[PDB]
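Novice: Have a peek at target_10.csv (CSV, N, CA and C atoms).
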```
chain,number,residue,atom,x,y,z
A,1,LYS,N,25.4,20.8,20.2
A,1,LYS,CA,24.6,19.7,20.5
A,1,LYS,C,25.4,18.5,20.0
A,2,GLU,N,25.0,17.3,20.5
A,2,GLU,CA,25.8,16.1,20.2
A,2,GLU,C,25.6,15.3,18.9
A,3,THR,N,26.6,15.2,18.1
A,3,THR,CA,26.5,14.5,16.9
A,3,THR,C,26.5,13.0,17.1
A,4,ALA,N,26.2,12.2,16.1
A,4,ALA,CA,26.1,10.7,16.2
A,4,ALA,C,27.5,10.1,16.5
A,5,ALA,N,28.5,10.8,15.9
A,5,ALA,CA,29.9,10.3,16.1
A,5,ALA,C,30.3,10.7,17.5
A,6,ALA,N,29.9,11.8,18.1
A,6,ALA,CA,30.3,12.2,19.5
A,6,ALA,C,29.6,11.3,20.5
A,7,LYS,N,28.3,10.9,20.2
A,7,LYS,CA,27.5,10.0,21.0
A,7,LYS,C,28.2,8.6,21.0
A,8,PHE,N,28.6,8.1,19.8
A,8,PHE,CA,29.4,6.9,19.8
A,8,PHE,C,30.6,7.0,20.7
A,9,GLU,N,31.4,8.0,20.6
A,9,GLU,CA,32.6,8.2,21.5
A,9,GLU,C,32.3,8.2,23.0
A,10,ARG,N,31.3,9.0,23.4
A,10,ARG,CA,30.9,9.1,24.8
A,10,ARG,C,30.4,7.7,25.3
A,11,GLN,N,29.6,7.0,24.5
A,11,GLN,CA,29.1,5.8,25.0
A,11,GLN,C,30.0,4.6,24.9
A,12,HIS,N,31.0,4.6,24.0
A,12,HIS,CA,31.7,3.4,23.7
A,12,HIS,C,33.2,3.4,23.7
A,13,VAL,N,33.9,4.5,23.8
A,13,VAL,CA,35.3,4.5,23.8
A,13,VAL,C,35.9,4.8,25.2
A,14,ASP,N,36.9,4.1,25.6
A,14,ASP,CA,37.5,4.4,26.9
A,14,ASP,C,39.0,4.1,26.7
A,15,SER,N,39.6,5.2,26.1
A,15,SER,CA,41.0,5.2,25.7
A,15,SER,C,41.8,5.0,27.0
B,1,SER,N,24.9,2.2,39.4
B,1,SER,CA,25.1,3.2,40.4
B,1,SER,C,26.2,3.0,41.5
B,2,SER,N,27.1,2.0,41.4
B,2,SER,CA,28.1,1.7,42.4
B,2,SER,C,29.5,1.5,41.9
B,3,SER,N,30.4,1.0,42.7
B,3,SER,CA,31.9,0.8,42.5
B,3,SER,C,32.5,-0.1,41.4
B,4,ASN,N,31.9,-1.2,40.8
B,4,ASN,CA,32.6,-1.9,39.8
B,4,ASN,C,32.6,-1.0,38.6
B,5,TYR,N,33.6,-1.3,37.6
B,5,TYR,CA,33.8,-0.5,36.5
B,5,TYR,C,32.5,-0.2,35.7
B,6,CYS,N,31.7,-1.1,35.4
B,6,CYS,CA,30.5,-0.8,34.6
B,6,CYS,C,29.6,0.1,35.3
B,7,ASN,N,29.3,-0.1,36.6
B,7,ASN,CA,28.5,0.8,37.3
B,7,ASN,C,29.0,2.3,37.3
B,8,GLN,N,30.3,2.4,37.5
B,8,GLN,CA,31.0,3.7,37.5
B,8,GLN,C,30.9,4.3,36.1
B,9,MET,N,31.4,3.6,35.1
B,9,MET,CA,31.5,4.2,33.7
B,9,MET,C,30.1,4.5,33.1
B,10,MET,N,29.1,3.6,33.4
B,10,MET,CA,27.8,3.9,32.8
B,10,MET,C,27.2,5.1,33.4
B,11,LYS,N,27.6,5.4,34.7
B,11,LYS,CA,27.0,6.6,35.3
B,11,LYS,C,27.8,7.8,34.8
B,12,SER,N,29.2,7.7,34.8
B,12,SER,CA,30.0,8.8,34.3
B,12,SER,C,29.8,9.3,32.9
B,13,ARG,N,29.5,8.3,32.0
B,13,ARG,CA,29.3,8.6,30.6
B,13,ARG,C,27.9,8.9,30.3
B,14,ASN,N,27.1,9.2,31.4
B,14,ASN,CA,25.7,9.6,31.2
B,14,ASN,C,24.8,8.6,30.5
B,15,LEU,N,25.0,7.3,30.8
B,15,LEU,CA,24.1,6.3,30.3
B,15,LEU,C,23.1,5.9,31.3
B,16,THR,N,23.4,5.9,32.5
B,16,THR,CA,22.5,5.5,33.5
B,16,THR,C,22.2,6.6,34.5
B,17,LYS,N,22.3,7.9,34.2
B,17,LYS,CA,21.9,8.9,35.1
B,17,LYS,C,20.4,9.0,35.1
B,18,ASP,N,19.7,8.7,34.0
B,18,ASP,CA,18.3,8.8,33.9
B,18,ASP,C,17.5,7.6,33.5
B,19,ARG,N,18.1,6.4,33.5
B,19,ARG,CA,17.5,5.1,33.1
B,19,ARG,C,18.5,4.1,33.4
B,20,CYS,N,18.2,2.8,33.3
B,20,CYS,CA,19.2,1.7,33.3
B,20,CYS,C,19.3,1.2,31.9
B,21,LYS,N,20.4,1.4,31.2
B,21,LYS,CA,20.6,0.9,29.9
B,21,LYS,C,20.8,-0.6,30.0
B,22,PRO,N,20.2,-1.6,29.3
B,22,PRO,CA,20.4,-3.0,29.5
B,22,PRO,C,21.8,-3.5,29.2
B,23,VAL,N,22.4,-3.1,28.1
B,23,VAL,CA,23.7,-3.6,27.8
B,23,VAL,C,24.5,-2.4,27.2
B,24,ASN,N,25.8,-2.4,27.4
B,24,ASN,CA,26.7,-1.4,26.7
B,24,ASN,C,28.1,-1.9,26.6
B,25,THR,N,28.9,-1.7,25.6
B,25,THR,CA,30.2,-2.2,25.4
B,25,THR,C,31.2,-1.0,25.4
B,26,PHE,N,32.2,-1.1,26.1
B,26,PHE,CA,33.3,0.0,26.1
B,26,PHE,C,34.5,-0.7,25.4
B,27,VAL,N,35.2,0.1,24.5
B,27,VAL,CA,36.4,-0.4,23.8
B,27,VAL,C,37.6,0.3,24.4
B,28,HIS,N,38.6,-0.4,24.9
B,28,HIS,CA,39.8,0.2,25.5
B,28,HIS,C,40.9,0.2,24.5
B,29,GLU,N,40.8,1.1,23.5
B,29,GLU,CA,41.7,1.4,22.5
B,29,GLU,C,41.7,2.8,22.2
B,30,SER,N,42.7,3.4,21.6
B,30,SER,CA,42.8,4.8,21.3
B,30,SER,C,41.7,5.1,20.4
B,31,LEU,N,41.1,6.3,20.4
B,31,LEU,CA,40.1,6.7,19.5
B,31,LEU,C,40.4,6.6,18.1
B,32,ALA,N,41.7,6.9,17.6
B,32,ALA,CA,42.0,6.9,16.2
B,32,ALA,C,42.1,5.5,15.7
B,33,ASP,N,42.5,4.5,16.6
B,33,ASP,CA,42.5,3.1,16.2
B,33,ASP,C,41.1,2.6,16.1
B,34,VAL,N,40.1,3.0,16.9
B,34,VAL,CA,38.8,2.6,16.7
B,34,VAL,C,38.2,3.2,15.4
B,35,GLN,N,38.5,4.5,15.2
B,35,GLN,CA,38.1,5.1,13.9
B,35,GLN,C,38.7,4.5,12.7
B,36,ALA,N,39.9,3.9,12.8
B,36,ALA,CA,40.6,3.2,11.7
B,36,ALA,C,39.7,2.0,11.2
B,37,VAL,N,38.8,1.4,12.0
B,37,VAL,CA,38.1,0.2,11.6
B,37,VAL,C,37.2,0.6,10.4
B,38,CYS,N,36.8,1.8,10.2
B,38,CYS,CA,35.9,2.2,9.1
B,38,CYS,C,36.5,2.0,7.8
B,39,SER,N,37.8,1.7,7.6
B,39,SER,CA,38.3,1.3,6.3
B,39,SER,C,38.9,-0.1,6.4
B,40,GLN,N,38.5,-0.9,7.3
B,40,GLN,CA,39.0,-2.3,7.4
B,40,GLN,C,38.0,-3.3,6.7
B,41,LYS,N,37.6,-4.5,7.3
B,41,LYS,CA,36.8,-5.4,6.5
B,41,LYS,C,35.3,-5.1,6.4
B,42,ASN,N,34.8,-4.7,5.2
B,42,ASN,CA,33.4,-4.4,5.0
B,42,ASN,C,32.5,-5.6,5.2
B,43,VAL,N,31.5,-5.5,6.0
B,43,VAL,CA,30.6,-6.6,6.2
B,43,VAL,C,29.2,-6.0,6.3
B,44,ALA,N,28.1,-6.8,6.2
B,44,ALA,CA,26.7,-6.4,6.2
B,44,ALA,C,26.5,-6.2,7.7
B,45,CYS,N,25.6,-5.2,8.1
B,45,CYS,CA,25.2,-5.0,9.5
B,45,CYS,C,24.1,-6.0,9.8
B,46,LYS,N,23.8,-6.2,11.0
B,46,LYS,CA,22.7,-7.1,11.4
B,46,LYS,C,21.4,-6.9,10.7
B,47,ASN,N,21.2,-5.6,10.4
B,47,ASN,CA,20.0,-5.1,9.7
B,47,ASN,C,20.1,-5.2,8.2
B,48,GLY,N,21.2,-5.9,7.7
B,48,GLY,CA,21.4,-6.1,6.3
B,48,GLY,C,22.0,-4.9,5.6
B,49,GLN,N,22.1,-3.7,6.2
B,49,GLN,CA,22.6,-2.5,5.5
B,49,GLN,C,24.1,-2.8,5.3
B,50,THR,N,24.9,-2.2,4.5
B,50,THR,CA,26.2,-2.6,4.2
B,50,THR,C,27.3,-1.6,4.6
B,51,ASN,N,27.1,-0.7,5.6
B,51,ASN,CA,28.1,0.2,6.0
B,51,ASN,C,28.8,-0.3,7.3
B,52,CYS,N,28.8,-1.6,7.5
B,52,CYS,CA,29.5,-2.0,8.7
B,52,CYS,C,30.9,-2.5,8.3
B,53,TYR,N,31.8,-2.5,9.3
B,53,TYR,CA,33.2,-2.9,9.2
B,53,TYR,C,33.7,-3.6,10.4
B,54,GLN,N,34.5,-4.6,10.2
B,54,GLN,CA,35.0,-5.5,11.2
B,54,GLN,C,36.5,-5.3,11.3
B,55,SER,N,37.0,-5.1,12.6
B,55,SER,CA,38.4,-4.9,12.8
B,55,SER,C,39.2,-6.2,12.4
B,56,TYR,N,40.4,-6.0,11.8
B,56,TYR,CA,41.2,-7.1,11.5
B,56,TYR,C,41.7,-7.8,12.7
B,57,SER,N,41.9,-7.1,13.8
B,57,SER,CA,42.4,-7.7,15.1
B,57,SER,C,41.4,-7.6,16.2
B,58,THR,N,41.6,-8.3,17.3
B,58,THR,CA,40.7,-8.2,18.4
B,58,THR,C,41.2,-7.0,19.2
B,59,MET,N,40.3,-6.4,19.9
B,59,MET,CA,40.5,-5.2,20.7
B,59,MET,C,40.0,-5.6,22.1
B,60,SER,N,40.5,-4.9,23.1
B,60,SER,CA,40.2,-5.0,24.5
B,60,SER,C,38.8,-4.4,24.7
B,61,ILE,N,37.8,-5.2,25.2
B,61,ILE,CA,36.5,-4.6,25.4
B,61,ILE,C,36.0,-5.0,26.7
B,62,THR,N,35.1,-4.2,27.3
B,62,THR,CA,34.4,-4.6,28.5
B,62,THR,C,32.9,-4.5,28.2
B,63,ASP,N,32.2,-5.7,28.4
B,63,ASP,CA,30.8,-5.8,28.2
B,63,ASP,C,30.1,-5.5,29.5
B,64,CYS,N,29.1,-4.6,29.6
B,64,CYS,CA,28.4,-4.3,30.8
B,64,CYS,C,27.0,-4.8,30.6
B,65,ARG,N,26.4,-5.6,31.4
B,65,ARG,CA,25.1,-6.1,31.2
B,65,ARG,C,24.3,-6.1,32.5
B,66,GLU,N,23.1,-5.5,32.5
B,66,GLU,CA,22.3,-5.4,33.7
B,66,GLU,C,22.0,-6.8,34.3
B,67,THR,N,22.2,-6.9,35.6
B,67,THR,CA,21.8,-8.1,36.3
B,67,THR,C,20.2,-8.3,36.3
B,68,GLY,N,19.7,-9.4,36.6
B,68,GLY,CA,18.2,-9.6,36.6
B,68,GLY,C,17.6,-8.8,37.7
B,69,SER,N,18.4,-8.5,38.7
B,69,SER,CA,18.0,-7.7,39.9
B,69,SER,C,18.0,-6.2,39.7
B,70,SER,N,18.4,-5.6,38.6
B,70,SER,CA,18.6,-4.2,38.5
B,70,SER,C,17.3,-3.5,38.2
B,71,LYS,N,17.1,-2.3,38.9
B,71,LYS,CA,15.9,-1.5,38.7
B,71,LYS,C,16.3,-0.1,38.9
B,72,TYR,N,15.9,0.9,38.1
B,72,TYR,CA,16.2,2.3,38.3
B,72,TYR,C,15.5,2.7,39.6
B,73,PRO,N,16.1,3.4,40.4
B,73,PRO,CA,17.4,4.1,40.2
B,73,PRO,C,18.7,3.3,40.5
B,74,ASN,N,18.6,2.1,41.1
B,74,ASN,CA,19.7,1.3,41.4
B,74,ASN,C,20.1,0.4,40.3
B,75,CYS,N,20.7,0.9,39.2
B,75,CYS,CA,21.1,0.0,38.1
B,75,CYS,C,22.3,-0.8,38.6
B,76,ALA,N,22.4,-2.0,38.2
B,76,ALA,CA,23.5,-2.9,38.6
B,76,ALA,C,23.9,-3.7,37.3
B,77,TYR,N,25.2,-3.9,37.2
B,77,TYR,CA,25.8,-4.4,36.0
B,77,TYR,C,26.8,-5.5,36.3
B,78,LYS,N,26.8,-6.6,35.5
B,78,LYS,CA,27.8,-7.6,35.4
B,78,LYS,C,28.8,-7.1,34.4
B,79,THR,N,30.1,-7.1,34.8
B,79,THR,CA,31.2,-6.7,34.0
B,79,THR,C,32.0,-7.9,33.4
B,80,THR,N,32.1,-8.0,32.1
B,80,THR,CA,32.8,-9.1,31.4
B,80,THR,C,33.9,-8.5,30.5
B,81,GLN,N,35.2,-8.7,30.8
B,81,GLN,CA,36.3,-8.2,30.0
B,81,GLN,C,36.7,-9.3,29.0
B,82,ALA,N,37.0,-8.9,27.7
B,82,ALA,CA,37.3,-9.9,26.7
B,82,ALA,C,38.1,-9.2,25.6
B,83,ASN,N,38.7,-9.9,24.7
B,83,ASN,CA,39.5,-9.3,23.5
B,83,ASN,C,38.7,-9.8,22.3
B,84,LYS,N,38.0,-9.0,21.6
B,84,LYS,CA,37.2,-9.4,20.5
B,84,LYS,C,37.3,-8.5,19.3
B,85,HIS,N,36.9,-8.9,18.1
B,85,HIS,CA,36.9,-8.1,16.9
B,85,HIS,C,35.6,-7.3,17.1
B,86,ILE,N,35.7,-6.0,16.8
B,86,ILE,CA,34.5,-5.2,16.9
B,86,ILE,C,33.9,-4.9,15.5
B,87,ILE,N,32.6,-4.7,15.4
B,87,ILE,CA,32.0,-4.4,14.1
B,87,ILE,C,31.3,-3.1,14.4
B,88,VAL,N,31.5,-2.0,13.6
B,88,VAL,CA,30.9,-0.7,13.8
B,88,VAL,C,30.3,-0.3,12.4
B,89,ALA,N,29.2,0.5,12.5
B,89,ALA,CA,28.6,1.0,11.3
B,89,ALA,C,29.2,2.4,11.1
B,90,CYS,N,29.6,2.8,9.9
B,90,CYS,CA,30.3,4.1,9.7
B,90,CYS,C,29.5,5.0,8.8
B,91,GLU,N,29.6,6.3,9.1
B,91,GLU,CA,28.9,7.3,8.3
B,91,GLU,C,29.6,8.6,8.4
B,92,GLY,N,29.3,9.4,7.4
B,92,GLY,CA,29.8,10.7,7.3
B,92,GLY,C,31.1,10.8,6.5
B,93,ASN,N,31.6,12.0,6.6
B,93,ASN,CA,32.9,12.4,6.0
B,93,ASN,C,33.3,13.4,7.0
B,94,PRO,N,34.3,13.1,7.9
B,94,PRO,CA,35.1,11.9,7.8
B,94,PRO,C,34.2,10.7,8.2
B,95,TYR,N,34.5,9.6,7.6
B,95,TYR,CA,33.8,8.3,7.7
B,95,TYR,C,34.1,7.7,9.0
B,96,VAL,N,33.3,7.9,10.0
B,96,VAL,CA,33.6,7.5,11.4
B,96,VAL,C,32.6,6.6,11.9
B,97,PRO,N,32.9,5.9,13.0
B,97,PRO,CA,31.9,5.0,13.7
B,97,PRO,C,30.8,5.8,14.2
B,98,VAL,N,29.5,5.4,14.0
B,98,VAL,CA,28.4,6.0,14.6
B,98,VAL,C,27.6,5.0,15.4
B,99,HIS,N,27.7,3.7,15.2
B,99,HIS,CA,27.0,2.6,15.9
B,99,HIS,C,27.9,1.4,16.2
B,100,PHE,N,27.7,0.8,17.3
B,100,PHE,CA,28.4,-0.5,17.6
B,100,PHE,C,27.5,-1.6,17.2
B,101,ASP,N,27.8,-2.4,16.2
B,101,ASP,CA,27.0,-3.4,15.7
B,101,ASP,C,27.1,-4.8,16.5
B,102,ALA,N,28.3,-5.1,17.0
B,102,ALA,CA,28.6,-6.3,17.7
B,102,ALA,C,30.1,-6.5,18.0
B,103,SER,N,30.5,-7.5,18.7
B,103,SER,CA,31.9,-8.0,18.9
B,103,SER,C,31.8,-9.5,18.6
B,104,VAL,N,32.9,-10.0,18.0
B,104,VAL,CA,33.0,-11.4,17.6
B,104,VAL,C,34.3,-12.1,17.9
```
Represent the structure contained in this file as structure tokens.
Specialist:
Amino acid sequence: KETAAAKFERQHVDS
Amino acid sequence: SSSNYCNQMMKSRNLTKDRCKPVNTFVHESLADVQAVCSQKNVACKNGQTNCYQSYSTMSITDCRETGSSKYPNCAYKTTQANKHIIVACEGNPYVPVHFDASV
């Protein structure tokens, strides 16, 4: 299931 | 729901598949450089808590904001590209970004 850190990455990082 | 960057990425990253999210910011930097902000300049978060950190440098960011015309299911976004300092709230061990507090 999705952690807060994983959710931050999915929603805000576009490497 | 359509072809500009924000419409495409908000859908792909599962932000607008089941609602229209009003605003969202994407940072165009490597993940480890975004994670490095958690040991840069400590600042208070908007809510006064103190686990926020501001990047020393500006980072490439795209702001996505719903137009006045947007309605689910047809979410529509205005795309604004800018280079700004980001502020993130950090938690855990490893101490990593968990919330985007602002760009300045």
Novice: Of the candidates B:52, B:28, B:12, B:96, which one gets nearest to residue A:10 if we count only N, CA and C atoms?
Specialist: B:12
Novice: Just give me the gap between atom CA of residue B:90 and atom CA of residue B:38 in Å, one decimal is fine.
Specialist: 5.9 Å
Novice: Excluding same-chain residues fewer than 4 positions from residue A:7, what lies within 8 Å of it counting only N, CA and C atoms, as number ranges by chain?
Specialist: A: 2-3, 11-13; B: 97-99
Novice: Could you work out how far atom N of residue B:14 lies from atom N of residue B:101, giving the answer in Å with one decimal?
Specialist: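 Between atom N of residue B:101 and atom N of residue B:14 the gap is 19.1 Å.
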Novice: Mind giving me the straight-line distance from atom CA of residue A:9 to atom CA of residue B:76 in Å, one decimal?
Specialist: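 The value is 22.3 Å.
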